[PDB]
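Below is one structure, written out as structure tokens; the observations come after it.
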There are 8 protein chains.
Amino acid sequence: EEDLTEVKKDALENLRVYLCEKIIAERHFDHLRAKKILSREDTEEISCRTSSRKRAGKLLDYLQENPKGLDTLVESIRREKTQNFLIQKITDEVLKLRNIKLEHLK
Amino acid sequence: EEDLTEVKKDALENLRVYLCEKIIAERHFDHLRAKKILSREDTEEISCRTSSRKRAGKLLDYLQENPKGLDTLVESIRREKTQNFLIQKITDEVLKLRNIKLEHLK
Amino acid sequence: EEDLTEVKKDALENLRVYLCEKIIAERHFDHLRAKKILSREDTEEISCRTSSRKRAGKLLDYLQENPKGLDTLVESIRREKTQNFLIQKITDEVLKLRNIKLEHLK
Amino acid sequence: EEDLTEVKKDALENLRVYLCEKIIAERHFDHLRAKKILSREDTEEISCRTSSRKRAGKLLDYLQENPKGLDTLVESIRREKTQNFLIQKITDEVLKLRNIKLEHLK
Amino acid sequence: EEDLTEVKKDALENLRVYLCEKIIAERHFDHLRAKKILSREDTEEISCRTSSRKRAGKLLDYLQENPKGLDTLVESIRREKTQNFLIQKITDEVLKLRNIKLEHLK
Amino acid sequence: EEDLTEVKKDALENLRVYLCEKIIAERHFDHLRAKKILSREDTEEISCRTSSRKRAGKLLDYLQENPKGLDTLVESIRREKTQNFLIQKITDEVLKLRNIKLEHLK
Amino acid sequence: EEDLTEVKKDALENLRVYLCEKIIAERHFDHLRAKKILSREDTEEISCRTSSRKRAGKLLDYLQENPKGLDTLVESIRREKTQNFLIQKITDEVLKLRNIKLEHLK
Amino acid sequence: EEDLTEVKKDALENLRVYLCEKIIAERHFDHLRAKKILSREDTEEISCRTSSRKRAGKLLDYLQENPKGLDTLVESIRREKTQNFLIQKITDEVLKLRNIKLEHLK
């Protein structure tokens, strides 16, 4: 019904908390692939002045605007690296979505 | 009796003075979790123009509108960080509430 | 029609991902030749502070500017070294161009 | 007739679009020589808070106030570096001037 | 209860101090095995600029992320090398966990 | 009477001047232990942009907050390194406290 | 007669011009010592948004409110650094004071 | 007439261009001697973040302050190194001074 794209934000708002977990990937593996749809000048800006906490929050904040919001997810399971502390969580992020999402059906 | 929600503000007004102690957490640990219920654009703006004293006052000021007033409290005792200079104080913030709260029973 | 110089960026935006295969050649072989038309101070700057990932991105990022976009290509097939991992890719990079390029004709 | 000094703005306003092509020279090559007539404190300020997009626009925006408007031009063709992606364009920048300039004669 | 994964950080925060005993293994033995789950470009970066103290802090800091945190441990007891200064400590590191962990049960 | 925690600031405001003697320990030995009670993201932030003077000022400024104000002290006399330039001074820092402290008794 | 505290402003007003000479010391050596009597939050703000020209004027502007106005003077002659381009000037700043001061006696 | 100290800046503003010849001496020989009168913290700061182009500009920019403006000169002719590319230039720098200087006499 095209309503889910909103609940992702909540899920994200609920998962906003996990800004200290594999978010450093913004310097590691986020910036590179996601740019396929992500911004350009902001990257320069977003990166220039952060403790890796702000940009962390920054990087995430933008994604609520998009409808799809399925790329940090595919990119984390892809490219190897960490397949647990984010992925078990990602399933939990999926859950956080799932939970919030399925709840909405009520 | 749903009256306490107000006495927090007093407690807060009484504690308004402690605007220089662990309030910097607005750049540190406040903005992140609390946004679970907190504003969105204000954050951007609240932050945009401050020496960390205004935004300090700002951030604090916003919380009197809410009835609950209990999260800075749970967020500081949790997430580790500082467990005294604010928490003994927090117990004192609790006191400032408590004192203000209990006196109301008179 | 001088429109292709742009689609190269797309192709590059589509190939930005392969920032991990033979991009290290900036240390191995890119810096020396490309300088024939490439930057001067940034080379110093671009280089000074990277994990070989950022500079990788940097070096690539700079070329979307230039119209020709055909030198890393000629330089990789030239100077021997690698002719497969990147060159079959280079054909694919040509493809990524070709694909995006030919697509534009529709 | 001293009217051309105005048409450079529009040409620049027409060329305002090319804020992504060899404008980075602001860090690379612009700041150093142009300062012969260019500002002093702003440079510090202009540079202090930009993603290289603002300062880009900044650096350009200032030049409309001057009458001569001929230095970024002479500076890019000299000092080596890029003699094409901007220079052909510069001829086109000259054209953008020329086109507009000659048009004015009508 | 999946709460233990946190107290490890404390334990680690409590053991953050012992950043001088056998942390040089970041060159001696730590980098090779741990990479199985560990980070890739940071390794390049993390290493690139350290007195062996920051990277020390770095490497460790990264692990508070991961939920398990049981690998520097198995890798130090195995692969021979040192079985005492780090290991009695490791048991003490286990203690630091054990202490903080069991305390949590209160 | 819990009034002393304030004069430490003064003592510190009076010792603010000694930001050049062994404050560099912010790299040499401060960051590591003090983090037992110290801030996390600012450490990232505080460090990222300083001549070792700002951060020097930064590091000290945060502690006026804390009530105990007794850790840089124990940390400097311990862990070896310098026991004179800082410690004779530290006793003087103690004096600066002591002086200011005892003065308050009047 | 306590009238001198005012002509210093004039001196400063007449010395306001020299806002480009050893004023950068605001980052270099001013902020640290002078804070013994100087502000606190402003420093943060004063610094937060300047090209070093405003803050220059800022830093200077504040000192007119004070009566004594002798510290930048004693601070510049001491702490080594520059003993001429400011100090000959400082004697001249003394002169600017002196001139105006002595003039006032008429 | 003490006016020359100003024209040096012009001369310097006219020689600001030669920020590419023997300015790297900012590492090769400048820092050590000139420090007899030069900055302290900025040396740390000026150095920390430059492609050798900015610090180049930085180092020079500071000197327009100082009245004498005669030390980079004596230091380059002495201490061996290069006596030609810059010294013929230095005489030309002297010229640039001389030219601008003598012109002022008109």
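We number chain C the same way Swiss-Prot does; the residues here are 10-115, in that order.
Heads up, header says this was done by electron microscopy, 4.0 Å.
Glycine is treated like the rest: Cβ placed from N, Cα and C.
If you check Swiss-Prot, you get these features:
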CROSSLNK  C:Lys17  ubiquitin cross-link
CROSSLNK  C:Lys31  ubiquitin cross-link
CROSSLNK  C:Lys63  ubiquitin cross-link
DOMAIN    C:13-101  domain 'CARD'
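Feature annotations (Swiss-Prot) mapped to structure.
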| residue | record | Cβ neighbours (10 Å) |
| --- | --- | --- |
| C:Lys17 | ubiquitin cross-link | 22 |
| C:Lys31 | ubiquitin cross-link | 19 |
| C:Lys63 | ubiquitin cross-link | 19 |
Residues in the domain 'CARD' (C:13-101) grouped by DSSP into helix, strand and remaining coil: 53 helix, 0 strand, 36 coil
C:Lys31 (ubiquitin cross-link) to C:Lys63 (ubiquitin cross-link) - Cα separation in whole Å: 14
Pairwise Cα distance for C:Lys63 (ubiquitin cross-link)/C:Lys17 (ubiquitin cross-link) [Å, integer]: 21
